[PDB]
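Single chain ahead, by itself, as structure tokens, in the form deposited in one PDB entry.
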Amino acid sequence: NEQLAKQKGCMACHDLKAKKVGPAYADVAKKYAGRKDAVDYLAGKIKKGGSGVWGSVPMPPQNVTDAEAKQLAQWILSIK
């Protein structure tokens, strides 16, 4: 039960339910750290959408330019 989980400190490292469907940007940055094709890969994902890397729920295609997609990819890749 939930009150026992709280009183035991469990909720310091767990949530009940994921608050966001997509991966956290720092986790994306870590997965793709050290890869020369990461910006091109991600900029295309962000623009066209995709599924199956992190799970089965898809990212819909996003309303960004190629420029904006590239920049978002560069920014996410710097997150730490």
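Only residues modelled in both forms are compared. Under this definition, the rigid core comprises the largest set of C-alpha atoms superposing within 1.5 Å between the forms. Residue numbers run from 1 along the displayed sequence.
Missing here is the form deposited in another entry; even so, the following discussion is about that form.
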Where among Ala67, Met11, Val21, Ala24 does the Cα move by 2 Å or more between the shown form and the other one after the core is superposed?
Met11
Say whether the C-alpha atoms of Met11 and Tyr25 sit closer together or farther apart in the other form than in the form shown here, given that their separation changes by 3 Å or more.
closer
Regarding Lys6 and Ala24, go with closer or farther for their CA spacing in the other form versus this form, the difference being 3 Å or more.
closer
Core-superposed, runs of 3+ residues with CA shift of 2 Å or more between the shown form and the other one span 1-18
